[PDB]
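In structure tokens, one chain follows: the form solved without the named molecule.
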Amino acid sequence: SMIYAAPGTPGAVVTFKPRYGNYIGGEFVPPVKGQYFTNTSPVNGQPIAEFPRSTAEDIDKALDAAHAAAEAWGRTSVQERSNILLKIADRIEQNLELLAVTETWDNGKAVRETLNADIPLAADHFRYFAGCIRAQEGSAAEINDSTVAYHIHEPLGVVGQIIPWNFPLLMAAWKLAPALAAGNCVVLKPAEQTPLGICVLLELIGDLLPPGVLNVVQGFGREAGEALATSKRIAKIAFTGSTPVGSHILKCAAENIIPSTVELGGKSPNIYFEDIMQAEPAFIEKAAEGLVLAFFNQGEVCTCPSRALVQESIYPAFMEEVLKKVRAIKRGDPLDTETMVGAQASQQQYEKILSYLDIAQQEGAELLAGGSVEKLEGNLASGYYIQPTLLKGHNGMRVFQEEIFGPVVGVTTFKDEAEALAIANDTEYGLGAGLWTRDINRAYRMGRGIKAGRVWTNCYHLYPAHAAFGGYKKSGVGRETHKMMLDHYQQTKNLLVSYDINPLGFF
């Protein structure tokens, strides 16, 4: 351990400003209408700072800033843009404790996740895409002796990006790094629940970017987010969040015939076949861990393994390993590295999950662990903490069908491979899934039989760069965290060149 002092107290690593503006054209400026909202820490509900309640007039200032710099930025050489993303990565590493403490206070999640996952993965994402842009190549092929097709990657120009609250800085990196590597200017709209981290990041890296290349407008999704999603001045929209707003985003994109990438929600089935109980005892632990991992980021993960599928024959013996670890979760101060499960992100998310616990009970869901509030002492009492919940039921329940987006896992049993496949795909989502078995053939079949974008095999919650992350079905369109991302933030210009100086006989 290490127990970081609360921000702005003696020994604190960071003290936040009382008021933050938007970042437009290389500067922090007030909103046009001078309107502000108050943000609060979910760790304890105490005030943090105010941030602009920006209106459509602020989007257009950033769009003016982005467009002015678009021509020069898209022209900056591959080497130079890459080096800039390398400089951003270093800046992220150098301030690991400051960034993680800011994220944890803003988001509420345990600090040990921000130190070991969010911030290091964020730095690497800039490292990864700076690297991939040096290797990217267009194509040149001979159609014949006198006809050559050339394909040249070109940036789209100005792109709108809206990121959610459950990984504010890491979701920013998921989108800023490839779009910037591709030579685009960005208008970025952070979640009104978690605006603080991006501001602190911009204070650290702003000088590394040309003016107007990265503009960040704070505000609300139905104000700033709406003005951004319908902007006729963006060449592409990108959105991560809840399915109803995504469906709308794709409609906003449809009206203007612009590319769109949307990553939405999921109901991830975590599948444990019977042979795992016959593996080494250490493997058994990793699998039981892989189920408790559903409480990672307090279950506020779009690929949260919120559906546990365990084969009947091993269910009695396996859950006994799972429950040993569920009871071992240390709760408490999120700035305490020992705390394994932090606060829910907001009061709205906290209340939404509590309504879902009650809904589980009316459908006969048997409570196996948790199921209510966790009343932590001290300043924590005003925070938003819920107990890790393990529920046993059947896939046809509402709690097995709808994304809760909290530390709640449904458990059910299955008989054979075919039914395991049937329960896994009997969802409208298809973002993630877990699969635990040692039969090489079973691992492959289920791996391809499941209709999910990612199948973690004998692990869970690994989000490395260089692995495509995206949804089937209603889970979304497009892939992230992989070099294929670059094709989403660029268009292919085909130069079809004839070197013959005579006509083709049509005249």
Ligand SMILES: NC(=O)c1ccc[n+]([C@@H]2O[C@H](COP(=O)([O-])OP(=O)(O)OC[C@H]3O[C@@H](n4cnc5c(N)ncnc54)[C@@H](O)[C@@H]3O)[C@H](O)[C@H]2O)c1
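For every residue, the number given is its place in the sequence shown, counted from 1.
Just so it is clear, the following notes concern the form solved in complex with the named molecule, a form of the same protein that is not shown.
Judged against the named molecule in the deposited complex with a 4.5 angstroms heavy atom cut-off, the residues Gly241, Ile249 and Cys302 are in contact without exception. Of the candidate stretches 104-112, 156-164, 270-278, 287-295, only 156-164 contains residues with a heavy atom within 4.5 Å of the named molecule in the deposited complex. Using a 4.5 angstroms threshold between heavy atoms, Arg222 counts as touching the named molecule in the deposited complex. In the deposited complex, no heavy atom of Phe414 sits within 4.5 Å of the named molecule. For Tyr315, no non-hydrogen atom is located within 4.5 Å of the named molecule in the deposited complex, even though that partner is not displayed. Although the partner is absent here, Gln193 is a contact residue: one of its heavy atoms lies within 4.5 angstroms of the named molecule in the deposited complex.
The partner is absent here, but in the deposited complex a heavy atom of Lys352, alone among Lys392, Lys352, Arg398, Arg134, sits within 4.5 Å of the named molecule. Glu403 is the sole member of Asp333, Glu403, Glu321, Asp124 with a non-hydrogen atom within 4.5 Å of the named molecule in the deposited complex.
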